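Engineer: give the three-dimensional model of this entry:
(one chain, ligands or ions: 3)
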Amino acid sequence: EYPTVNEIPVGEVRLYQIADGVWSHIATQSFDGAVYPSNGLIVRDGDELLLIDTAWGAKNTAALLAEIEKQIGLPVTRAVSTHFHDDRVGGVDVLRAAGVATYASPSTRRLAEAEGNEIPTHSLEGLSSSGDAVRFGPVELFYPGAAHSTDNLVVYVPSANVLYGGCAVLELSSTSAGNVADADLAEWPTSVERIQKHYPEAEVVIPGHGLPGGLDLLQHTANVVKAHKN
Ligand code: NA
Ligand code: NA
Ligand SMILES: [Zn+2]
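Structural biologist: Numbers count the residues shown, from 1 in each chain. Ligands and ions are numbered 1, 2, ... in the order given. Please find the structure below.
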């Protein structure tokens, strides 16, 4: 019953409970004439919530906050963007205006600025080298190395064994790595291997787009990217 574009009209947001205090948020995007669902994460921390990634753009992200208040009824106090592309930082201004403290690595913030995208307010230090990990409220942030982008982060929820990969992880039904304009195809399989090695106890893996599954999404991702590199 994980929602797809056939269940979410363009511009709508849904939540899906993955585990106690862990949800994905799913929003249908329209981009370059294609329509597709994008995932992010919500994690409970006491009586507050941590948000991972926006819903792409001001209107979608406002709709996300509305859906969270309806379904969960706890305030979002902090948000993290997993890389600099407009789909993951677009909407940060809505978050910030709503009182959410927004975060990203310094690399993500620089790249977003240089692109003319919205820029998270706060820097996350300690994530500049492959294998680097930092605790942030109820999650661990991990920099696996360059993959979909050079700055991409993944997020682990230790209490629930849930890994959110952002666009560095592909769904099982995927046959291509998607937009690779800012990707490092040579490094990406190695970066996935770091994730595999560091989180061998992950039970649920959530890709940037599409259906969650188990740890096999990681090996599948490496395989697709390697086959792409042809
Ligand atoms: Na969109
Ligand atoms: Na962008
Ligand atoms: Zn991207």
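Engineer: can you name the residues of this protein that neighbour ligand 1?
Structural biologist: Neighbours of ligand 1 within the chain, by C-beta under 5 Å from the ion: 29-30, 56. Every C-beta, even on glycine, is put in place using the N, C-alpha and C of the backbone.
Engineer: can you pick the most crowded of these?
Structural biologist: residue 56 (23 neighbours; other C-beta atoms under 10 Å).
Engineer: pick out the residue of the protein closest to ligand 2.
Structural biologist: residue 86 (3.6 Å; C-beta to the ion).
Engineer: burial of that residue, as a residue count?
Structural biologist: With other C-beta under 10 Å as criterion, residue 86 counts 16.
Engineer: so it sits right up against residue 56, yeah?
Structural biologist: Yes: Residue 86 sits in contact with residue 56 when judged by C-beta atoms under 8 Å, with a separation of 7.1 Å.
Engineer: from ligand 3, how far off is the residue nearest in space to the middle of the chain?
Structural biologist: Closest to where the C-alpha atoms of the chain average out (C-alpha atoms, centre = their mean) is residue 166, at 3.4 Å. Remark: distance between residue 166 and ligand 3 (C-beta to the ion, to the nearest Å) = 8 Å.
Engineer: and what of residue 184?
Structural biologist: Distance from residue 184 to ligand 3, by C-beta to the ion: 12 Å.
Engineer: so that residue, which state does it fall into?
Structural biologist: Put simply, residue 184 is coil when judged by DSSP: H, G, I helix; E, B strand; the rest coil.
Engineer: now do the nearest residue to it once chain neighbours are set aside against ligand 1, distance only.
Structural biologist: In this structure, residue 184 finds its nearest non-sequential neighbour in residue 146, 3.7 Å apart by C-beta to C-beta, 6 or more residues apart in numbering. Going from residue 146 to ligand 1 by C-beta to the ion gives 26 Å.
Engineer: element containing residue 146?
Structural biologist: Following DSSP states H and E, one finds residue 146 outside all helices and strands.
Engineer: that one: what's it in contact with?
Structural biologist: 152, 183-184, 187-188, 191 (C-beta atoms under 8 Å, 6 or more residues apart in numbering).
Engineer: closest to residue 201 among these?
Structural biologist: residue 191 (19.0 Å; C-beta to C-beta).
Engineer: just the helices in the chain please.
Structural biologist: 58-71, 86-89, 92-97, 106-115, 188-198, 216-228 (DSSP state H).
Engineer: if you count neighbours, what's buried in the first one?
Structural biologist: Buried residues in helix 58-71, counted by 16 or more other C-beta atoms under 10 Å: 58, 60-65, 67-68.
Engineer: please apply the same query to the last one.
Structural biologist: By 16+ other C-beta under 10 Å, the buried positions in helix 216-228 come out as 217-218, 220-222, 224-225.
Engineer: no further questions, thank you.
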